[PDB]
Amino acid sequence: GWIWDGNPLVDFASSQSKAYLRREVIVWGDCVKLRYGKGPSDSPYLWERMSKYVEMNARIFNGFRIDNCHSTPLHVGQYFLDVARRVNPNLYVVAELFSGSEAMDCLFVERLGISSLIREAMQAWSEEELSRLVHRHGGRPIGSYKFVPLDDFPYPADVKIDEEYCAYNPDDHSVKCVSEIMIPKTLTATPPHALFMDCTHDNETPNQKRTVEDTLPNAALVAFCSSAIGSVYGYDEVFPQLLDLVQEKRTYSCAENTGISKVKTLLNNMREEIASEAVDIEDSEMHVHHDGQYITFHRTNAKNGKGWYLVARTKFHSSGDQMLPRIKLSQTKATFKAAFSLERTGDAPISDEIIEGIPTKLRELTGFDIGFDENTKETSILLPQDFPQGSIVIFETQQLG
Amino acid sequence: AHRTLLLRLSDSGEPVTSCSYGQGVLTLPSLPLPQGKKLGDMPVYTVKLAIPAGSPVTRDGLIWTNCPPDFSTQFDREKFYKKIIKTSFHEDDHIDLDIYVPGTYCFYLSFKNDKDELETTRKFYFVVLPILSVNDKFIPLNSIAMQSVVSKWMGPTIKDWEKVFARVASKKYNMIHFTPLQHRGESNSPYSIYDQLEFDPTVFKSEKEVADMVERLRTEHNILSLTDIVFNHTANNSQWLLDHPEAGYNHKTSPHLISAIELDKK
Amino acid sequence: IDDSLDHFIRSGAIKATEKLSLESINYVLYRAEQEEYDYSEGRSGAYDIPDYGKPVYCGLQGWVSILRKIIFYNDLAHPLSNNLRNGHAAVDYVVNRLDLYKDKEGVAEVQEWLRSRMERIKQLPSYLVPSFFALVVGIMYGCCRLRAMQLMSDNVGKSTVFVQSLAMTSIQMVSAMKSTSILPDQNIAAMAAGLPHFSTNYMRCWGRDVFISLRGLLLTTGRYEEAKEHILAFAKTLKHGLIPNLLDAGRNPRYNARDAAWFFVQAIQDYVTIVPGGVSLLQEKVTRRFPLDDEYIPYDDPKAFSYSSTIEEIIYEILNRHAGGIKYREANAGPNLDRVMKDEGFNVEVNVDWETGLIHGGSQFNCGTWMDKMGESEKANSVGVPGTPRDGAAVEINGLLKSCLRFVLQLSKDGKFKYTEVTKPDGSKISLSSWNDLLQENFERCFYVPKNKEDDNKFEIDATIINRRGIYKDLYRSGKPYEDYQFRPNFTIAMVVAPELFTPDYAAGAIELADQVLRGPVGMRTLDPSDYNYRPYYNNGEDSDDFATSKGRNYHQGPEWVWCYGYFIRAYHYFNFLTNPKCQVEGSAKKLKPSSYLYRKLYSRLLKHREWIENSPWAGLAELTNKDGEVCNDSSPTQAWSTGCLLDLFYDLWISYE
């Protein structure tokens, strides 16, 4: 099970803990803890069983997802992921990892070979908390500095030179040097990759924690981040309530194209076009702004001037009418891409053999004015007063020069 | 080609940080392999280690890494390989580390002490991300859209599962997260696993039946599959718990809980 | 008229076509009047334009085919121009007819856009209606044509007008109907053989036409989910180890088709080769609505849905039972199936001469091949006499067999086919690789006709009955042995499906003669003009006493068919690229790609087809042409295999060099 506020690195079923005696355990009688020792010599069947367990799914799937990976011992997780990697060298490891700190989180990623850490958007308590969360996984600041070798490098007189920056074949998928002097691209500690979930199977549904309207802006905010995204089935289908993994047996409705489904089709295809246009950490820039129940997300590629601009009026609660000032973009041209509003059309159906979501209207919006001053080269973007909470608009932007 | 990065080291063998991106990990870029080429055909990446001239580590200095020296050689976490450090007082030494397979690698240095002893730096890890293709369409790790679906809520038939696959493929996800697909224990929770070594018999028959469905997801909907994996526990009614009770914490294996057993039995 | 009317008429058309489908576009653009009656119980049909006639399609194409020349010359005096001034009936017709299809995907939205604009047009002076009518129809036409190109695959979406005009035939031919279908329990999309006469009831679906066209109309365009459903729908109708030609929606089909079963398995290979993940087709389970032996029509018997057969065993069953031998008189034989075929013709037998490994079948009272014209002239005394019985070893049937064998051999290599044995009528077993290497050794021997008299002693040649050297026989040991040695385009099918059986120089030189002899401007001459039986004019109404021409027995001896031109030029391409060095150039990365000299040759042989589909009221290619391009007034004006086999060529060039 788990201790209340205890360090997950300490095996509470081991000698160094009194938690079962001192009763400090919030327990799962459902599952029985497995005792790996200091190695296979301390449990030769469990290690042999888990090994073939790992080796089986490594033959099938493309990767793993490790529940409470922080509670899994290190030497254990390292051994089996190495075993899986011998089966499936392109193994994609995902982990809901919250160790005692970020430094420890990074240490686990180092030794385990985790490829992405899971971050949840429903943990946000307020509009700003979400905007910070989205700022964390949004990218680097716009106009951020780029790295060059300066006076901290040796310059061998016999160093190779890409005269006129022309020794990179786009089909060789090379790692390009910073310039003509071929000092290789620098291997630097970057933060571990994130898989941003707009809602997990352990999160309370937007109906529960906020309202159902947020399912549109929330998902758009998450999808604009420079990271992997995810969602549980039913989030887009606007289910009314978090499913109990233990009790419930109802079946997913076959009602197609409900709620956000058409919007996630747009978002993912939109990110499919962005594809391999941003490789290293400095290729994808961002700007997130928080103003009341509005949250603004500008997404920018640092090489080509293409961008996407998201205006999201979130619905954590029904908090009244708020008017956003005219958006100003310097030396940028904008273009209307799409806009949607989500509104609840009565409560959810009550069924016993099938789980159906809340009826929703995905209304398309209009009334956006994009003024562009041909002198100052400043694009102005105005919203219509018909922009209810739970609505988004997406602009394609392009920097001039 | 040019798939080399420069990992500068300090005078103590620690890696130099080039920018302050915050607390992080030495992850190499997510890139597809070149034209029509397999993992064996070439080093995935080459990590060039730069050792400072005349630094303390250059005295009988060796680089030790668990990076296999060949594609044929398999990877052992505990098997490390020697690379000699070219000592000069004026010129730095550079030591390429050819990498042929994704995964987690690490390296440390051994050098001669000021007491002529053998001293060893910390292990320093760097990660090579996998290369996810769906149908020879490379998927950057930053473009993944993953759908979590619980199987026991997807109906009772494989045919009733491909209805969910087509719905999420319309919503244009490119990866599906599968809650554990094995025979569940008493309370029917997907994470309390009855048997980890064969799948849900109510829906599946063999390992081939799930591997074909997962491959069917890969070719008809351009979607990749991954599953939960539970390490910390098994279900409270595993048929092998009777044949092997030592895999848990017993009065025999973990005696400190004897005082704790008689507190629940009382 | 106001400044906003202009923007109103030109907007909203793309959003209206959003939810359309390559199936539903058929109901908006095409629909022959007979296809329209099918949905209207005979009430509606095509709009009769006074002092003119009717557009050939009820859909927008019917209007466009007339309006294009009217807009070009500003023919404000045209009968349609006059009619559009005198009333709003043609204005209302465009909108109302979609009530028949208001339930199909995206038609309701397209109908509303048309309705909303047409109503606003009617509020204009009468003399302005024609221009706005043509403008509105033209705009919605283009948006539907665009939607088609977006839904189809890249090779079609980025091509010339001619390629796209070909691809639009796939929409003409694939629609759902009310009188027929390809499945007995449902009514779904079913590919017609051609419009208008092969579109309704039993006359729509034909297994030979479906699968010869399946590659071009469905795979080259990307309609994979529609190619699968047509394959599975015939899988249920397998009996005698053969596929029926007259698919009666999977409800009492006719099994006189020795050809369909091998074009059927050919398409299966084409499906698996092309569709990403197409190997998944093999394990697809089909309800076999007939018995595993070959009893009799029991469409209501509970043994219909009795058992299941995967495509794996379905492929094997065709191969196995063919070897083991097949003997049967057609079920329900008699006049109620063929009121002119003789009593011995309903007895169909097919086996393999294992000294060669090829397949013989039929008789002088049969029509088992694609050349299946049965005579009927009582005055000319030809009742029951097949015009072209092609008994014994037909080139394509065995070429298609080699292709099938080559397919399943490399297939089992990849662990996707579990079968290797094959039982002979006595009780012997032969590996598929042995049968494969049997044809590889004996085919060209039994079929080639050497140019040098010296070599006749090696190719089983009877020089008494010959006409031209340097040829592949049309048949091997048939009934009339001089019909073995006739120059017919049928051999090109084997060249396309199994080129391993041919030595390059012989195939190259043989098809150069077809280029000079059998190649018309649009149609492939179905018989060497130097033969005595050559009659290249087809009148299915001639009453006179001529044994050849009366009641249209000429169908397959002389007349120039268009779908054979596809298999011809595909092989003309392949073997002029292997043989003649002037047709090769060092393509990028030294891989072998054709030169402009070869492209120029292919280009010059498709001009007369582009001209045809351009100046055709039906936006397609005919099924048949009389001598030297003359229009055959009995030929269907648009046929599936006629266009699907030209698309076949373009996919060849695309999938290999682009």
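Note that each Cβ is placed from the backbone with ideal geometry, even for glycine, and that neighbours are counted across all protein chains shown. Every number in this text was worked out from the coordinates using simple rules, so none of it is lab data.
Residues in region B:44-68 that are farther than 17 Å from B:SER10 by Cβ and within 12 Å of chain A (Cβ to nearest Cβ): B:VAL44, B:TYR45, B:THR46, B:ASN66, B:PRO68. A single member of B:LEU217, B:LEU226 is away from chain C (no Cβ under 14 Å) and either in contact with a strand residue (DSSP E or B) (Cβ under 8 Å, 6 or more places away or on another chain) or small (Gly, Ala, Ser) (or both), and it is B:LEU226.
Restricting attention to region B:5-16, does a residue exist that is within 29 Å of A:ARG86 (Cα to Cα), under 19 Å from the mean Cα position of the chain (by Cα) and within 13 Å of chain A (Cβ to nearest Cβ)? No, every residue in region B:5-16 fails to be within 29 Å of A:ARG86 (Cα to Cα), under 19 Å from the mean Cα position of the chain (by Cα) and within 13 Å of chain A (Cβ to nearest Cβ). If you check B:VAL101, B:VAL150, B:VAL128 for being among the hydrophobic types (A, V, I, L, M, F, W, C), farther than 30 Å from B:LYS37 by Cα and facing chain A (nearest Cβ under 9 Å), only one passes: B:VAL150.
Conditions (1) crowded, with 17+ Cβ neighbours inside 10 Å; (2) more than 18 Å from A:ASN88 (Cα to Cα), marked per residue:
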| site | (1), (2) |
| --- | --- |
| B:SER30 | yes, no |
| B:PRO69 | no, yes |
| B:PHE80 | yes, yes |
| B:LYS86 | no, yes |
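Looking at the structure I just gave you, is A:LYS333 surrounded by fewer than 20 Cβ atoms within 10 Å (Cβ to Cβ), in contact (Cβ under 8 Å) with a residue 24 or more places away in the chain and out of contact with any helix residue (DSSP H, G or I) (no Cβ under 7 Å at 6 or more places or on another chain)? Spelling it out, A:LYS333 is indeed surrounded by fewer than 20 Cβ atoms within 10 Å (Cβ to Cβ), in contact (Cβ under 8 Å) with a residue 24 or more places away in the chain and out of contact with any helix residue (DSSP H, G or I) (no Cβ under 7 Å at 6 or more places or on another chain). Region C:135-215 holds helices (runs of 4 or more DSSP H) entirely within its bounds, and those carrying 3 or more residues that are out of contact with any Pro (no Cβ under 6 Å at 6 or more places or on another chain) and surrounded by 24 or more Cβ atoms within 10 Å (Cβ to Cβ) map to C:161-173, C:207-213. In a residue-by-residue description of region A:9-18, the property of being over 22 Å from B:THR253 (Cα atoms) and more than 28 Å from the chain's Cα centre (by Cα) applies to no position.
Those helices (runs of 4 or more DSSP H) of region C:1-91 in which at least 1 residues are more than 24 Å from C:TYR101 (Cα to Cα), considering only elements entirely within it, cover C:3-10, C:60-73, C:79-86.
Considering only residues that are exposed (fewer than 14 other Cβ atoms within 10 Å of the Cβ), outside any loop (DSSP other than H, G, I, E, B) and touching a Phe, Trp or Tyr at 6+ places or on another chain (Cβ under 6 Å), which ones fall in region C:431-480? Listed by number, the list holds a single entry, C:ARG445. So in region B:193-243, with the set limited to residues that are part of a loop (DSSP other than H, G, I, E, B) and aliphatic (A, V, I, L, M), which one is nearest to the chain's Cα centre (by Cα)? Restricting to residues being part of a loop (DSSP other than H, G, I, E, B) and aliphatic (A, V, I, L, M), the top hit is B:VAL230. Note on region A:270-294: residues that are within 9 Å of chain B (Cβ to nearest Cβ), in contact with an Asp or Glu (Cβ under 9 Å, 6 or more places away or on another chain) and surrounded by fewer than 18 Cβ atoms within 10 Å (Cβ to Cβ) total 0. Here C:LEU501, C:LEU518, C:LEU475 are screened, and the one residue that is in contact with a helix residue (DSSP H, G or I) (Cβ under 9 Å, 6 or more places away or on another chain) and within 25 Å of C:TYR603 (Cβ to Cβ) is C:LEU518. Only a single criterion out of (1) in contact (Cβ under 8 Å) with a residue 60 or more places away in the chain; (2) surrounded by fewer than 21 Cβ atoms within 10 Å (Cβ to Cβ) is not satisfied by B:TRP64, namely (1).
For B:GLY22, the test of being touching a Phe, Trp or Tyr at 6+ places or on another chain (Cβ under 9 Å) and either without any contact (Cβ under 8 Å) to a residue 12 or more places away in the chain or more than 10 Å from chain A (Cβ to nearest Cβ) (or both) is failed. Taking every residue in region A:372-401 that is free of Cβ contacts under 8 Å to residues at least 60 places away in the same chain and farther than 13 Å from A:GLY305 by Cβ and pairing it with any residue that is outside any strand (DSSP E or B) and of a type in the set (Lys, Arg), at least 6 positions away or on another chain, the pairs with Cβ-Cβ distances below 8 Å are A:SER380/A:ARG326; A:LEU382/A:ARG326. Just one of the listed residues (C:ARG600, C:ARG553) is surrounded by fewer than 19 Cβ atoms within 10 Å (Cβ to Cβ) and not acidic (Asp, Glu), namely C:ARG600.
Scanning region C:603-642 for residues that are hydroxyl-bearing (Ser, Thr, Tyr) and part of a strand (DSSP E or B) returns C:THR625, C:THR638. As a summary of the residue check, A:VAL94 satisfies the conditions (1) part of a helix (DSSP H, G or I); (2) β-branched (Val, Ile, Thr); (3) touching a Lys or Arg at 6+ places or on another chain (Cβ under 8 Å) except for the one numbered (1). I'd like to check something: does region B:106-116 contain any residue that is surrounded by 19 or more Cβ atoms within 10 Å (Cβ to Cβ) and at positive phi? No: region B:106-116 contains no residue that is surrounded by 19 or more Cβ atoms within 10 Å (Cβ to Cβ) and at positive phi.
For region A:37-52, the candidate set comprises residues that are in contact (Cβ under 8 Å) with a residue 24 or more places away in the chain and part of a loop (DSSP other than H, G, I, E, B); within that set, the residue that is farthest from the other protein chains (Cβ to nearest Cβ) is A:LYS38.
Can you confirm whether B:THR121 is of a type in the set (S, T, N, Q), over 30 Å from A:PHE224 (Cβ atoms) and touching a residue at least 40 places away in the same chain (Cβ under 8 Å)? Yes. Where residues in region A:255-269 are within 7 Å of chain B (Cβ to nearest Cβ) and buried (at least 17 other Cβ atoms within 10 Å of the Cβ), which of them is nearest to B:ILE139 (Cα to Cα)? If we take residues in region A:255-269 being within 7 Å of chain B (Cβ to nearest Cβ) and buried (at least 17 other Cβ atoms within 10 Å of the Cβ), then A:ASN268 is nearest to B:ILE139 (Cα to Cα).
Applying the condition of being within 25 Å of the chain's Cα centre (by Cα) and more than 7 Å from chain B (Cβ to nearest Cβ) to region A:53-76 and asking which residue is nearest to B:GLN196 (Cα to Cα) yields A:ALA58.
State whether one or more residues within region C:279-298 are within 14 Å of another protein chain (Cβ to nearest Cβ), part of a loop (DSSP other than H, G, I, E, B) and either of a type outside the set (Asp, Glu) or free of Cβ contacts under 8 Å to residues at least 12 places away in the same chain (or both). Scanning region C:279-298, I find at least one residue that is within 14 Å of another protein chain (Cβ to nearest Cβ), part of a loop (DSSP other than H, G, I, E, B) and either of a type outside the set (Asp, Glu) or free of Cβ contacts under 8 Å to residues at least 12 places away in the same chain (or both), so the answer is yes. If we keep just the residues of region A:79-113 that are facing chain B (nearest Cβ under 8 Å) and among the small types (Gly, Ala, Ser), which is nearest to A:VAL10 (Cα to Cα)? The qualifying residue nearest to A:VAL10 (Cα to Cα) is A:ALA103.
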